[PDB]
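Some notes on the structure that comes next.
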Amino acid sequence: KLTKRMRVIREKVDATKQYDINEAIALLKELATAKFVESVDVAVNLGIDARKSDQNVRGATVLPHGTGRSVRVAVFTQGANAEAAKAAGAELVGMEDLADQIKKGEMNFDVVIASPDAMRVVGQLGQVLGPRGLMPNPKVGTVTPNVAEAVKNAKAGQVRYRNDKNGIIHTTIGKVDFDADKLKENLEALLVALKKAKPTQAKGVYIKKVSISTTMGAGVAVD
Amino acid sequence: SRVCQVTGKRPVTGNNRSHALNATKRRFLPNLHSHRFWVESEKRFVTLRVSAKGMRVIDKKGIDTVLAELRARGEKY
Amino acid sequence: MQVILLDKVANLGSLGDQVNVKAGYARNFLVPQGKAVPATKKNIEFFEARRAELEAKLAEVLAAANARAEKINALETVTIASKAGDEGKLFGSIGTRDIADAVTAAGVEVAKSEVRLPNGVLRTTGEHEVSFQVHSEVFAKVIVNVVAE
RNA sequence: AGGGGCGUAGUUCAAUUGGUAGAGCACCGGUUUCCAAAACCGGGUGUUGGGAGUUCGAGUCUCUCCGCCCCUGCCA
RNA sequence: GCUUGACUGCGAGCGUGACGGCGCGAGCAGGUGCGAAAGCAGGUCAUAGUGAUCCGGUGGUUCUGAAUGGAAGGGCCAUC
RNA sequence: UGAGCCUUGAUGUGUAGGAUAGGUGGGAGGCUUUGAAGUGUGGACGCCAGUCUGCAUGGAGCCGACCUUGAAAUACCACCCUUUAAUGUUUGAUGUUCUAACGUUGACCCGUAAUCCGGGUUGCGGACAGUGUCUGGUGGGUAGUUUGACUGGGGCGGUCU
RNA sequence: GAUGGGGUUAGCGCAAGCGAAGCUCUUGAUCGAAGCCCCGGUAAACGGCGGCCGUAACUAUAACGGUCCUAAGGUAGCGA
RNA sequence: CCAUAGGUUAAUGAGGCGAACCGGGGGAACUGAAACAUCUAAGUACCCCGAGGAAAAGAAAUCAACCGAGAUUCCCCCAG
Ligand SMILES: [Mg+2]
Ligand SMILES: [Mg+2]
Ligand SMILES: [Mg+2]
Ligand SMILES: [Mg+2]
Ligand SMILES: [Mg+2]
Ligand SMILES: [Mg+2]
Ligand SMILES: [Mg+2]
């Protein structure tokens, strides 16, 4: 049934037992076996379940190491914030014209940022940006008067996360070619932000399990 | 009467309590059982009225040693 | 309820194997039928003494085995006389009776059954190589010189 | 108190279990026969207790706002 | 229209109760609000809208802490 | 025969549609004589639409990839979620085959001039029954008590701040 | 006795504080029978055997019912 | 089958009585709480067992608190 490619992947990782961060990051570097450069895919299970409405978590985190995942930023803002966004390196800055370009199907951006005054225009794009999860939300810091900082903060390695129905976290710390020590710092910085996001009523271990995997790599548990 | 032949346990009296702590007199009796103990020296079975706690001490002390103390008290077999 | 086995009760093991077991088992079944005895400190040492004493008996018997062995192994060739076969087959055979009388006199005493005459019943006259088995592991060796009477 | 439970057409009770609330009888009509009654249909009857979420979209899942419940439980 | 005085510590002197108690109070201290200010505000036009103590719960507190350091528990304050 | 997890397999139709397209990322890939596509029933299930792959056969093909679609796919993976199936791990629930505890108000012998008792022999039952501690339920069977005051007598009615 | 919360302190810290191990206080996952809930049966078991409306050629009355409560509303016989 | 149970002798000892005091095994209710359940009465009355002129207790796994004390019993304080 299983081919030789798939059987060697599961031969390298024995996920039936837990592993420590030091060993886990070593395994991740040896799992990078693909024609194209892969990106680490986080597989963290939370004991808390989003079936309770108030227990949902939305957050954001800027990573110094970065991820490499495309970061083209479209900005909805007017006035001085439009110049500050351009000076901060935003690829697209506009309001109605850029919204109408999006309605025309020009989707050459990975991140949308909006000023609160621009929420009126971005609200009309809710049918397009909403299902894709690109809609700016204040809880993730993408709706701010400090548009230049949001453009900055993003660019490099700002990552987002939103809890699913099964209470699982599937983020990305960065590319696989990143150094083990840097990757360990990346996940550690992510992890502290999750602890802050945790509510209180949740009478369960915040994290049900922490695992890491690449595009075609196997899941190695982290302790 | 309800007296253990090894430990000497006998009925004692106490109170039945309740959620209102009402006290009514009661009796606590030992977990006595008639058992036939195999004594190797006489190659015989001797029946004793023993409590469940007495059974535990018989293994620890030995069948001969416990009987020796009973003979000091003095009784029939 | 620690108890020292006296036999191979079920799967508990074999003779001489202290094992933890539920009180009832020994308190009323193993002991009153004689299949075991409590392994109490006193009893266990005595049984362990029985273990080492039979080991010493095994030692002593095998020790005295090598004694007899060497006594007769190193040379200790015997000479027997029978009616000359006239340059060839020495007429009659020599059997359990006379190979045992030879050793009796010359020292070590061996049973006719013990005697191991491999090369038939040693009918021809000449040098003959005869072994003895004093003990199951002892492989003794003797040279016999047959001479005419 | 705590753990299970239930509130859908005037009559009750099914369900769906995110995508899609019928039947019951009462009523008015229509069929059916030579005619009546019985039967057979059409049709007029709904916010799934209520409120807010979750959601592309939930009477359905959740939080619950409650009434009415069964089990269970505590010394101002 | 603007606001939180439906303020905190207190309180001269009175009222009404056998008592437990209940009621009224200028003024003082600290911080407020509305007024440009004088000033007014310690809930509501007033008189009903209520329940002692014990026991237990919650928060606060350098008060206590059974040899000593803690702690438990208790006390005080807030409060059920 | 239970209830568990562990792993593995399988399971994911409102619809548009590629349609047996869970959940969420990763993901432009995918992918591979090591059985390319295939071709033959291994298919069993299932919506009977489809799905996974006895294995044999053939030898590089295979496939992210429109449109609608929540929507982009059992093409891509961690591994999980539901439906679960098998598999590994644990307490128990009965049934049975036992005897050795225990039971015998079965038989026989003795103590023994004895329908008691004890001991022995034997049979039957048997890890039950039965008893102790703890515990839920039941319990006028038996107890200890309560069951107000005002009031044109009392009760009834009314009243109690 | 799963898990969680506290107390204590070896130690680390200028000290703020943190806190190993152990002991200890507590939270109570999992297991758990009868009973109760539930499903039936049983009245020579304890017990129960009403109202409402319409309907016979004068009326009346209601068999013939219908309706509600209810579980079901008194038969034979007897009856101031 | 030995044995054991049992049986027959012979030696000793105990039997009962008696006031209170003492130790131990059991152990009320009236009453008080202005009722009455916890509680009180009360381990009292009473019953039973045993002992002595006394009995019982008794030679620190006791207290203290960083100073120390040094078996038990009894009295006065501590102290309502
Ligand atoms: Mg001859
Ligand atoms: Mg006003
Ligand atoms: Mg009384
Ligand atoms: Mg009166
Ligand atoms: Mg008359
Ligand atoms: Mg009284
Ligand atoms: Mg005297």
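Respectively, the protein sequence lines represent chains F, H and X. Residue numbers for the first sequence follow the working numbering, so the first one is 3 and each next one is one higher. Residue numbers for the second sequence follow the working numbering, so the first one is 820 and each next one is one higher. Residue numbers for the third sequence follow the working numbering, so the first one is 105 and each next one is one higher. Don't be surprised by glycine CBs; every beta carbon is placed ideally from N, CA and C.
- Which of the three DSSP states, helix, strand or coil, is assigned to X:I198? coil
- Item | Short CB-CB distance (under 9 Å) between X:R172 and chain H | Chain H, which has no Cβ nearer than 9 Å to the Cβ of X:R172, makes this no.
- Mind pulling the beta strand (DSSP E) runs of 3 or more residues that sit fully within the segment 23-75 of chain F? 43-47 and 60-64
- Task: Work out the CA separation of H:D883 and H:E861 for me, nearest whole Å.
- Result: 10 Å
- With a CB to CB cut of under 8 Å and the five nearest residues on each side skipped, what residues in its chain are close to F:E32? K14
- Could you tell me whether any Cβ in chain H is nearer than 9 Å to the Cβ of X:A169? no
- Could you tell me the distance, in whole angstroms, from the CA atom of X:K126 to the CA atom of X:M105? About 6 Å.
- C-alpha gap between F:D51 and F:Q57, whole angstroms: 7 Å
- Task: With a threshold of 16 other CB atoms inside 10 Å of the CB of X:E157, please say whether the residue is buried or exposed.
- Result: exposed
- Message: Taking beta-carbon pairs under 9 Å, can you tell me which members of the segment 125-138 of chain X lie near chain H?
- Response: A127, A130, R131, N132, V135 and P136
- Query: Is X:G199 near ligand 1, in the sense that its beta carbon is under 8 Å from a heavy atom of that ligand?
  - Reply: At a threshold of 8 Å, X:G199 does not count as near ligand 1, since its beta carbon sits no closer than that to any of the ligand's heavy atoms.
- Query: Over what stretch of residues does the alpha helix (DSSP H) that includes F:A182 continue unbroken?
  - Reply: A182 to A199
- Message: Judging by CA-CA distance, which residue of H:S820, H:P849 and H:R845 is the nearest neighbour of H:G873?
- Response: H:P849
- Is the Cβ of H:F864 closer than 9 Å to any Cβ of chain X? yes
- If you draw a straight line from the C-alpha of X:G128 to the C-alpha of X:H239, how long is it? 46 Å
- Message: For a test of the three-state rule: what should DSSP assign to F:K167, helix, strand or coil?
- Response: F:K167: coil per DSSP, three-state reduction.
- Kindly indicate which three-state DSSP category F:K141 falls into: helix, strand or coil? helix
- Message: Is the beta carbon of F:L185 closer than 9 Å to that of F:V42?
- Response: yes
- Using 8 Å as the threshold, is the segment 68-78 of chain F in touch with the segment 113-125 of chain F, meaning 3 or more CB pairs across them? Counting Cβ pairs under 8 Å, three or more are found: they touch.
- Query: Hey, is H:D878's beta-carbon within less than 9 Å of any beta-carbon in chain X?
  - Reply: yes
- F:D181 to F:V130 span [Cα, whole Å]: 37 Å
- Item | Nearest residue (CA-CA) to X:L179, options X:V248, X:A252, X:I108 and X:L162 | Residue X:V248 is the option with its Cα nearest to X:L179.
- Message: Rounded to the nearest angstrom, what separates F:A89 and F:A36 at their Cα positions?
- Response: 37 Å
- Task: Quick one: give me the first and last residue of the beta strand (DSSP E) that H:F847 is part of.
- Result: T843 to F847
- Item | the segment 148-155 of chain X in contact with the segment 184-191 of chain X per 3-pair CB rule at 8 Å | no
- Return the first residue and the last residue of the beta strand (DSSP E) that H:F856 is part of. It spans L851 to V858 - the beta strand (DSSP E) in which H:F856 sits, taken as one unbroken run.
- Spatial neighbours of F:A45 within its chain, please: CB distance less than 7 Å, with the 5 preceding and 5 following residues excluded, ordered by chain position. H172, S213, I214, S215 and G221
- beta strand (DSSP E) containing H:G881: first to last residue? Taken as a continuous stretch (DSSP letters only), H:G881 belongs to no beta strand (DSSP E), as it is neither H nor E.
- Going by alpha carbons, who is nearest to F:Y208 out of F:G219, F:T217, F:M218 and F:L193? Checked all of F:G219, F:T217, F:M218 and F:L193; the closest Cα to F:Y208 is F:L193.
- Between X:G196 and ligand 1, is the CB less than 8 Å from at least one heavy atom? At a cut-off of 8 Å, the beta-carbon of X:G196 counts as near ligand 1: some heavy atom of the ligand is closer than that.
- Query: So is F:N148 buried or exposed if we call it buried at 16+ other beta carbons inside 10 Å?
  - Reply: Flag for F:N148 reads exposed.
- Return helix, strand or coil for F:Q160, following the three-state DSSP convention. strand
- chain X beta carbons: is any one of them nearer than 9 Å to that of H:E894? Answer no: the Cβ-Cβ gap between H:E894 and chain X never drops below 9 Å.
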